[PDB]
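Single chain ahead, by itself, as structure tokens, in the form deposited without the partner chain.
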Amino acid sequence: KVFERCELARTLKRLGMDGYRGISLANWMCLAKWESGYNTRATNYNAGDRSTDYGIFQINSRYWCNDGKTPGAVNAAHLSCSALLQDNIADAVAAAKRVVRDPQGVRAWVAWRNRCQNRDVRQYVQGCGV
């Protein structure tokens, strides 16, 4: 499913993402936008290390979810990567919360550093009623 901007913002708010571990909702929105364009079925194979990024938050199979085909894999969030390709994003949100519980925080996603960090991110939740 491809979320509409404000529809996603309200959904994330309801799922307790606003301010989770110091991360504002506008920041989670900026991340989802650049990672998948708000698309839950987005997948990306990293040929270089044989891992795959899954879903709206592009969660990696080497550390956060299990897909069986990733060498040297571990399961920190303990989910099946399949759960991250559903229309219902409850599991993707639970996984994203787990990722940021490590000291790296939101910086775990390189795309966040390149397109969100130190920028005006208000535009992502403006007019959404959150």
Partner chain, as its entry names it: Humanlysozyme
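Residue numbers count along the first chain shown, from 1.
- Stretch comparison (114 to 122 versus 12 to 20) by mean CA B-factor in the PDB entry places 114 to 122 on top.
- Look at the mean CA B-factor for 90 to 98 and for 69 to 77 in the entry; the higher one is 69 to 77.
- Looking at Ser82, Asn44, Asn60, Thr40, the one whose CA carries the top B-factor in the deposited record is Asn44.
- Across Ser36, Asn27, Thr52, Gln104, the entry's maximum B-factor at the CA atom is seen for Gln104.
- Placement of the Cα temperature factor of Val130 within the chain: highest third of the modelled residues, per the deposited record.
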